[PDB]
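Undergrad: What follows is a structure written as structure tokens; I'll ask about it next.
In the numbering used here, the protein residues as written are 64 to 225.
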């Protein structure tokens, strides 16, 4: 169930992107290739539908988790806004999640991580206008800085560029 009376899929779309930008797995890849198909965004579905999970991770990891020098495109709106991970962004993120009375029940990751902010916007898309450019300086970084992921990374920009 997604809605039988209001035209169309932004929220749905957002959740896809949030999925597209976590560390991947059989399940996430499942859900995504599915949201993808449901919301009908198509090429972005095959692209997903047909990749070697092992390798997918690996890029993910080369891109976001491990420090080659430092991580390529650290997926935090602190690194991007402020320089380090775990900064004012993070307090602000979190502040607002709680302002929206969402309960951030999460462990591994700071609240200012993209994948999260996305789940959040997929619930309150009003506020995209806000979280956008960060969602973007990012979007480009990934688009330039590496290959499997790039597709999405563009598609994403392409997305919020509309």
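We treat Cβ as the ideally placed atom computed from N, Cα and C, and that holds for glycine.
At which residues does the alpha helix (DSSP H) containing residue 177 begin and terminate?
TA: Here residue 177 corresponds to residue number 114 of the chain shown, with the count starting at 1. Start and end: 177-186.
Undergrad: What would DSSP say about residue 163, mapped onto helix, strand or coil?
TA: The residue given as residue 163 occupies position 100 in the chain shown. Coil at residue 163, not helix or strand.
Undergrad: Whole angstroms is fine: what's the gap from residue 140's alpha carbon to residue 84's?
TA: As a working mapping, residue 140 is identified with position 77 in the chain shown. As a working mapping, residue 84 is identified with position 21 in the chain shown. If you take the alpha carbons of residue 140 and residue 84, they lie about 14 Å apart.
Undergrad: Is residue 92 near the ligand GTP, with its Cβ less than 7 Å from a heavy atom?
TA: The ligand GTP is not part of this structure, which contains no ligands at all.
Undergrad: Going by alpha carbons, who is nearest to residue 87 out of 123, 128, 215 and 173?
TA: Translated into positions along the chain shown, residue 87 becomes position 24. Residue 123 is the option with its Cα nearest to residue 87.
Undergrad: Taking a contact to mean a Cβ-Cβ separation below 8 Å, would you say residue 72 touches residue 102 in this structure?
TA: Walking along the chain shown from the start, residue 72 turns up at place 9. Walking along the chain shown from the start, residue 102 turns up at place 39. Yes.
Undergrad: Nearest-angstrom Cα distance between residue 126 and residue 69?
TA: Within the chain shown, residue 126 is the residue found at index 63, counting from 1. Within the chain shown, residue 69 is the residue found at index 6, counting from 1. If I take the Cα positions, the gap works out to 37 Å.
Undergrad: Who are the Cβ neighbours of residue 77 in its own chain at under 7 Å, not counting the five residues just before and after it?
TA: The residue you call residue 77 lines up with position 14 of the chain shown. Here the set comprises 181, 184, 185 and 188.
Undergrad: Can you tell me which residues form a DSSP beta bridge with residue 139?
TA: Position 76 of the chain shown, counting from 1, holds the residue named residue 139. Answer by DSSP bridge pairing, in chain order: 176.
Undergrad: Is residue 220 helix, strand or coil when you go by DSSP?
TA: Along the chain shown, one-based indexing puts residue 220 at 157. In the structure shown, residue 220 sits in a helix (DSSP, three-state: H, G or I).
Undergrad: Relative to the C-alpha of residue 195, which residue among 219, 145, 116 and 154 is closest?
TA: Within the chain shown, numbered from 1, the residue matching residue 195 stands at position 132. The shortest Cα separation from residue 195 among 219, 145, 116 and 154 belongs to 219.
Undergrad: Excluding five sequence neighbours on each side, which residues of the same chain lie with their C-beta closer than 6 Å to the C-beta of residue 177?
TA: Here residue 177 refers to the residue found at position 114 of the chain shown. Excluding positions up to five away in sequence, the list reads 84 and 138.
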